[PDB]
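One structure is given here, and the rest of the page talks about it.
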Amino acid sequence: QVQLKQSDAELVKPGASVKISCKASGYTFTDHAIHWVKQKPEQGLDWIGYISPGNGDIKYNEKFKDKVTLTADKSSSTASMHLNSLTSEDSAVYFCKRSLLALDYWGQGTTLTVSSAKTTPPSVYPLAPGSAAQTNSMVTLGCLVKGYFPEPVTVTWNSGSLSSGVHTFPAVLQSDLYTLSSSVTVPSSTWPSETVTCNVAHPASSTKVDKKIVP
Amino acid sequence: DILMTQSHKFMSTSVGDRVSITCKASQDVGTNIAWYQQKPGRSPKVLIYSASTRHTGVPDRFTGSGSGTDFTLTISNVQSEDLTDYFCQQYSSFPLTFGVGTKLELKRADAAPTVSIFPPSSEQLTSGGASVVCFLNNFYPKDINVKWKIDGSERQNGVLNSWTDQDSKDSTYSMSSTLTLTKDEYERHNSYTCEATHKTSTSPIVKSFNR
Ligand SMILES: *[C@H]1O[C@H](CO[C@]2(C(=O)O)C[C@H](O)[C@@H](NC(C)=O)[C@H]([C@H](O)[C@H](O)CO)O2)[C@H](O)[C@H](O)[C@H]1NC(C)=O
Ligand SMILES: *[C@H]1O[C@H](CO[C@]2(C(=O)O)C[C@H](O)[C@@H](NC(C)=O)[C@H]([C@H](O)[C@H](O)CO)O2)[C@H](O)[C@H](O)[C@H]1NC(C)=O
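Chains as they are written, first to last, in the entry's author numbering: chain A, 1 to 56, 56A, 57 to 82, 82A to 82C, 83 to 99, 101 to 212; chain B, 1 to 211.
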């Protein structure tokens, strides 16, 4: 019955602020304080603060000074976190949770990305071998998926019909945009005699790139 | 603030084995401690609270111990679904604070990387860029070092690396290393080498090409 349901992913510029909300359901909203937690890739969790709806008690972590304002609207059973003066270091997944010891009562999380980058589709460059000196029964090809924003992109090869022997890597940041690479390793008897295409989808720009790898 | 130090960022185990994850508090929190599991993408799930009480629904394979500053989560009879992230939380004092997390990984036979280096495409070059990409696929263990050389001499500037997590099917790791130059810089040199050192070989694995 107990559910904490958060608002959708946010993407915002440096300097802006944002409101992330948390709709509680299946219990009496005033029975339990709502806590907020920040999770940044690799690094730990940071507790942000809590709001006690039936009480009005608000505690903050000094760490996030004048950065955070917590609210609640008893009418819709919703707790909110307003963040201001955002920087790219605020990019993280933010969670609400029920009580100081939450057990399984966490929200699903809200992704915040803070960036000055514009939405930009990937440019896709083919990776193919030139002539080798010896005969290889296997061959590796790839795609360099460069300069897109925001995350994510998905990559398949020959529309998924080719999936064993594929490696797609996490993106890195390169000039304020994302770059990733993908490899596929196939028998040399199947390429270039048969067509191999990397399929790149970037939902944010509604873009699909189908790059054929030619010798 | 109360600092929670978790022993190890990575531990290796085998299905059926027992493994323990420690967490040290920078001061006494009695038993005001919780252990959480967290899978990629998902929200945390409690395993233990009061340092030793198992939450209803959690397999009996998971136990917790300790009181004061030192706490241990133990997983007996490890299953593959358990190969994920675990962190501790102290709740004696605000701010609430958390361990940085421990990832459990599967032991498997050693495996040398399969290495492939690619020159920049002509399409990239015509746009004034030269990314040389090196894949180091399907190796184990995770620890690996990649060095680039141009005309025999080490290059550091312009390299970006990316690493996968352990593969769900074969338990290997893969890495990509990309050296990006201008077209003009690329064109001043002859030889481009990706060198990998891994415990499977006493000599580096070297893949290379010449323009
Ligand atoms: C302090 O915590 C209360 C809720 O108290 C309980 C509860 O009964 O709901 C006490 C109970 O013993 C807790 N369970 C366990 C296993 O210890 C229970 C759970 O932690 C909770 O139900 C999970 O959501 O909490 C209020 O939430 C109160 O607001 C809170 N104070 C603050 C500042 O967070
Ligand atoms: C039950 O109460 C807790 C917190 O309790 C206090 C607190 O802030 O510690 C008790 C404290 O003595 C009060 N402060 C002072 C100076 O008297 C304080 C006030 O009542 C509050 O600050 C007024 O704004 O409350 C949590 O707030 C917890 O959420 C609450 N339980 C529920 C379910 O709301």
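Idealized CB from N, CA, C, for every residue including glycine.
Would you mind telling me which residues of chain B sit closer than 7 Å to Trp47 (chain A), beta carbon to beta carbon, in chain order?
What you label residue 47 (chain A) is simply residue 47 of the first sequence in a count that begins at 1. In chain order: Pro95, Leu96, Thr97.
I'd like to know if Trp103 (chain A) contacts chain B, where contact means its C-beta is closer than 8 Å to some C-beta of that chain.
What you label residue 103 (chain A) is simply residue 106 of the first sequence in a count that begins at 1. Judged by the 8 Å Cβ criterion, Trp103 (chain A) is in contact with chain B.
Nearest-angstrom Cα distance between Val181 (chain A) and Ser177 (chain B)?
For the purposes of this step, residue 181 (chain A) is taken as the residue at position 184 of the first sequence. For the purposes of this step, residue 177 (chain B) is taken as the residue at position 177 of the second sequence. When rounded, the distance between both Cα atoms is 16 Å.
Quick check on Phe10 (chain B): buried or exposed, where buried means 16 or more other Cβ atoms within 10 Å of its Cβ?
If you number the second sequence from 1, residue 10 (chain B) lands on position 10. Burial call: exposed.
Please identify the residue among B:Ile144, B:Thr13, B:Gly66 whose C-alpha is closest to the C-alpha of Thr102 (chain B).
Taking the first residue of the second sequence as 1, we reach residue 102 (chain B) at position 102. Distances from the alpha-carbon of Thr102 (chain B) to those of B:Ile144, B:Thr13, B:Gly66 put B:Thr13 closest.
Grouping DSSP H, G and I as helix and E and B as strand, with all else coil, what is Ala24 (chain A)?
The residue you call residue 24 (chain A) lines up with position 24 of the first sequence. Three-state result, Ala24 (chain A): strand.
Among all the DSSP beta bridges, which residues are the ones paired with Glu195 (chain B)?
The residue you call residue 195 (chain B) lines up with position 195 of the second sequence. BP columns for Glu195 (chain B) point to B:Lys147, B:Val206.
What residues sit near ligand 1, counting only those whose C-beta is closer than 6 Å to one of its heavy atoms, in chain order?
Taken from the N-terminal end onward, the list reads A:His32, A:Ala33, A:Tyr50, A:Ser52, A:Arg94, A:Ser95, A:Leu96, A:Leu97, A:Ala98, A:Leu99, A:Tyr102, B:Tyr49.
Top-ranked residue by Cα proximity to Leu104 (chain B), from B:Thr126, B:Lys142, B:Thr69, B:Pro120:
Against the second sequence, residue 104 (chain B) aligns to sequence position 104. Out of B:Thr126, B:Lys142, B:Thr69, B:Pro120, B:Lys142 has the C-alpha closest to the C-alpha of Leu104 (chain B).
Whether or not the stretch 156-163 of chain B and the stretch 111-121 of chain B are in contact is what I'm after, with contact meaning three or more pairs of Cβ atoms, one per stretch, closer than 8 Å; do they touch?
Using a C-beta cut-off of 8 Å, the stretch 111-121 of chain B makes no contact with the stretch 156-163 of chain B, since fewer than three inter-stretch Cβ pairs fall below that distance.
Determine the extent of the beta strand (DSSP E) in which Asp70 (chain B) is found, giving its start and end residues.
Along the second sequence, read from residue 1 onward, the residue named residue 70 (chain B) stands at position 70. It spans 70-75 - the beta strand (DSSP E) in which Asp70 (chain B) sits, taken as one unbroken run.
Can you tell me where the alpha helix (DSSP H) with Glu191 (chain A) in it begins and where it stops?
Within the first sequence, the letter at position 194 stands for residue 191 (chain A). Note, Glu191 (chain A): premise wrong, no alpha helix (DSSP H); not H, not E.
In the stretch 20-69 of chain B, which residue ranges form an unbroken beta strand (DSSP E) of at least 3 residues, counting only runs that do not cross its ends?
List check, beta strand (DSSP E) in window: 33-38, 45-49, 62-66.
Which of the residues in the stretch 51-68 of chain B, read from start to end, lie with their CB under 9 Å from any CB of chain A?
Cβ contacts with chain A: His55, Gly57.
Where does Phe63 (chain A) fall in DSSP's three states?
Translated into positions along the first sequence, residue 63 (chain A) becomes position 64. If DSSP states are grouped into helix, strand and coil, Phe63 (chain A) belongs with the helices.
Less than 7 Å separating the Cβ of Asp72 (chain A) from some heavy atom of ligand 2?
Mapped onto the first sequence, residue 72 (chain A) falls at position 73. Checking the 7 Å criterion, the Cβ of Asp72 (chain A) is out of range of every heavy atom belonging to ligand 2.
Could you check the C-alpha separation between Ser74 (chain A) and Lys23 (chain A) for me, to the nearest Å?
Here residue 74 (chain A) refers to the residue found at position 75 when the first sequence is read from its first residue. Here residue 23 (chain A) refers to the residue found at position 23 when the first sequence is read from its first residue. As the crow flies, the alpha-carbon of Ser74 (chain A) is around 11 Å from that of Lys23 (chain A).
Simplified DSSP state of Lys183 (chain B), which is helix, strand or coil:
In the second sequence, residue 183 (chain B) corresponds to position 183, counting from 1. In the structure shown, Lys183 (chain B) sits in a helix (DSSP, three-state: H, G or I).
Just checking: is the beta-carbon of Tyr173 (chain B) within a distance shorter than 8 Å of some beta-carbon in chain A?
For the purposes of this step, residue 173 (chain B) is identified with residue 173 of the second sequence, where counting begins at 1. It does not: the Cβ of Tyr173 (chain B) has no partner Cβ on chain A nearer than 8 Å.
CB-CB under 6 Å to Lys207 (chain B), same chain, minus the five flanking residues each way: which ones, in chain order?
Translated into the one-based positions of the second sequence, residue 207 (chain B) becomes position 207. In its chain, beyond the 5 residues on either side, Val115, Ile117, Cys194 have a beta carbon closer than 6 Å to the beta carbon of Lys207 (chain B).
Counting only Cβ pairs nearer than 7 Å, list the residues of chain A close to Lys207 (chain B).
Position 207 of the second sequence holds residue 207 (chain B). Result: empty, since nearest Cβ-Cβ is about 11 Å, beyond 7 Å.
Under 7 Å: does the beta carbon of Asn55 (chain A) sit that close to some heavy atom of ligand 2?
Taking the first residue of the first sequence as position 1, residue 55 (chain A) is located at position 55. Yes - ligand 2 has a heavy atom lying nearer than 7 Å to the Cβ of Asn55 (chain A).
Could you give the distance in angstroms between the alpha-carbon of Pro44 (chain B) and the alpha-carbon of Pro126 (chain A)?
In the second sequence, residue 44 (chain B) corresponds to position 44, counting from 1. In the first sequence, residue 126 (chain A) corresponds to position 129, counting from 1. Computed Cα separation, rounded: 44 Å.
For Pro123 (chain A), count neighbouring Cβ atoms within 10 angstroms of its own Cβ and tell me buried if that reaches 16, exposed if not.
Here residue 123 (chain A) refers to the residue found at position 126 of the first sequence. Around the beta carbon of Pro123 (chain A), 16 or more other beta carbons sit within 10 angstroms, so the residue counts as buried.
If you measure between the beta carbons of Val211 (chain A) and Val136 (chain A), is that distance less than 8 Å?
Here the question's residue 211 (chain A) lines up with position 214 in the first sequence. Here the question's residue 136 (chain A) lines up with position 139 in the first sequence. Using a Cβ distance threshold of 8 Å, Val211 (chain A) and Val136 (chain A) do not count as a contacting pair.
Of the listed residues B:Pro204, B:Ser93, B:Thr180, B:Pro59, nearest to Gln79 (chain B) (C-alpha basis):
In the second sequence, the residue the question calls residue 79 (chain B) occupies position 79. The shortest Cα separation from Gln79 (chain B) among B:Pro204, B:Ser93, B:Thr180, B:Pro59 belongs to B:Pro59.
In three-state terms, what does DSSP make of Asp207 (chain A)?
Reading the first sequence from its first residue, position 210 is the one you call residue 207 (chain A). DSSP places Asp207 (chain A) in strand when its eight states are reduced to three.
Excluding the five sequence neighbours on either side, which residues of its own chain have a C-beta within less than 7 Å of the C-beta of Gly152 (chain B), listed in chain order?
Working through the second sequence from its first residue, we reach residue 152 (chain B) at position 152. Hits under 7 Å: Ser191.
Nearest to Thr151 (chain A) by alpha carbon, out of A:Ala129, A:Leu170, A:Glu61, A:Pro118?
As a position in the first sequence, residue 151 (chain A) is number 154, starting the count at 1. For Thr151 (chain A), the nearest C-alpha among the options comes from A:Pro118.
Can we count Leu177 (chain A) as close to ligand 3, meaning its CB is less than 7 Å from some heavy atom?
Ligand 3 is absent from the structure shown, which contains only ligand 1 and ligand 2.
Whose C-beta lies closer than 6 Å to the C-beta of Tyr49 (chain B) among residues of the same chain, with five residues either side of it excluded?
The sequence position of residue 49 (chain B) within the second sequence is 49, counting from 1. The residues are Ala34.
Sequence-distant residues of the same chain with beta carbon closer than 7 Å to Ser120 (chain A), five excluded per side:
For the purposes of this step, residue 120 (chain A) is identified with residue 123 of the first sequence, where counting begins at 1. Counting only Cβ-Cβ distances below 7 Å, and skipping sequence neighbours, we find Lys143, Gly144.
Let me see if you follow: with CB-CB separation under 8 Å, is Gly128 (chain B) close to chain A or not?
Within the second sequence, residue 128 (chain B) is the residue found at index 128, counting from 1. With 8 Å as the cut-off, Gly128 (chain B) does not count as an interface residue toward chain A.
So is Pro40 (chain B) buried or exposed if we call it buried at 16+ other beta carbons inside 10 Å?
Numbered from 1 along the second sequence, position 40 holds the residue referred to as residue 40 (chain B). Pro40 (chain B) is classed as exposed because its beta carbon has fewer than 16 other beta carbons within 10 Å across all chains shown.
Quick check on the burial criterion: 16 or more other C-beta atoms within 10 angstroms. Buried or exposed for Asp86 (chain A)?
Numbered from 1 along the first sequence, position 90 holds the residue referred to as residue 86 (chain A). Classification for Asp86 (chain A): buried.
May I ask which residues mark the beginning and end of the alpha helix (DSSP H) holding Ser122 (chain B)?
As a first step, residue 122 (chain B) must be located in the second sequence, where it is residue number 122. That run of the alpha helix (DSSP H) goes 122-126.
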